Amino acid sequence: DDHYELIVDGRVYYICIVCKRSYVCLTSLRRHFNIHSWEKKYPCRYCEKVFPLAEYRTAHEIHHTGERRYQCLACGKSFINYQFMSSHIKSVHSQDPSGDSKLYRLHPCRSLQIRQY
């Protein structure tokens, strides 16, 4: 028992009973709620750190391996995450990768095992 529902204008919101954060879908509330309950743990496999979300652990573990998955297509430089890539493309190439063009390539993750696309 971790939420209540709030309905405004026919739109359904799921509210965390602990911190009152609002979610459009229940899956997100359940993913969020682990921060409170710590029902599941996500331990780094390279150090002692433990995370409340699987994706937080993954981003952290990529830091351990040093893999650079985000590649700028304008000059070929590669980056650890979206933020480094975006900062680069905006500052050096004066372009926005969230725009209407494909300015970067996200390589598959090869330095560790996560599900592929």
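Start at 1 and count along the sequence shown; that's the residue number.
Mean CA B-factor, 99-107 versus 6-14: the higher value falls on 6-14. Stretches 15-23 and 90-98 differ in mean CA B factor, with 15-23 having the higher one. Between the residues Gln71, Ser28, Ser37, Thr58, it is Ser37 that shows the highest Cα B-factor in the PDB record. Among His64, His32, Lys77, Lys49, the highest C-alpha B-factor in the deposited entry belongs to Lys49.
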